[PDB]
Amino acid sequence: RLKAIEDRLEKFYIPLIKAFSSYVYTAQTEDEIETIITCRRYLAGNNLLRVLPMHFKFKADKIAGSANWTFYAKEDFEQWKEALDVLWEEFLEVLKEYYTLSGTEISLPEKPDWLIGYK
C-alpha cells in the first residue's frame, strides 16, 4: 500500500512540519495543529507519540507579524523543540520507506529551522 504511507506523509508529517517551519499562517493554523496532534496521532510512529505534546493552542502565539511561534513557558518551547526533532527523524524514515516501496529515487530534503522561540 503506497496509499497508506502517502496518507501518513500528506495528512500528518508534511502539514505538521510546515506549521512549524513554513511562513504560512492563518486564523485556523493553531486549530489545525491541535487537530494534527490529537485527531491525527493515529498516523504518527510510536517514537514520536512518546514525546509529541497533547496541547498547543494556549501555549504559544504568533505576535507582531512574526513567523515565529512565541512560547510563554520555556518548558513548552523545550518539549516542542524535542518533538519537532523527533518528527523530522520519523519523516525522513517514512520518506525512505515510501521510496523503498515505490522503487523510485530518493530526494531527501534538508532539515528546516523550526520557527519557535521563547526569549
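Numbers follow the displayed sequence, beginning with 1.
K.L.:
Return whichever of 46-54 and 69-77 has the greater mean Cα B factor according to the PDB record.
P.N.:
Stretch with the higher mean C-alpha B-factor: 69-77.
K.L.:
Compared with the other modelled residues in the chain, in which third is the CA B-factor of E105?
P.N.:
Its C-alpha B-factor, which the entry lists for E105, ranks in the lowest third among residues of this chain.
K.L.:
Can you work out whether the C-alpha temperature factor of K62 puts it in the lowest, middle or highest third of the chain?
P.N.:
Lowest third.
K.L.:
Based on the entry's values, in what third of the chain does the Cα temperature factor of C39 lie: lowest, middle or highest?
P.N.:
As the PDB entry reports it, the C-alpha B-factor of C39 lands in the highest third of its chain.
K.L.:
C-alpha B factor of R8, ranked within the chain: lowest, middle or highest third?
P.N.:
For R8, whose C-alpha B-factor we compare with every modelled residue in the chain, the answer is the highest third.
K.L.:
Per the entry's values, where does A27 land by CA temperature factor relative to the rest of its chain, in the lowest, middle or highest third?
P.N.:
It belongs to the highest third of the chain when residues are ordered by C-alpha B-factor.
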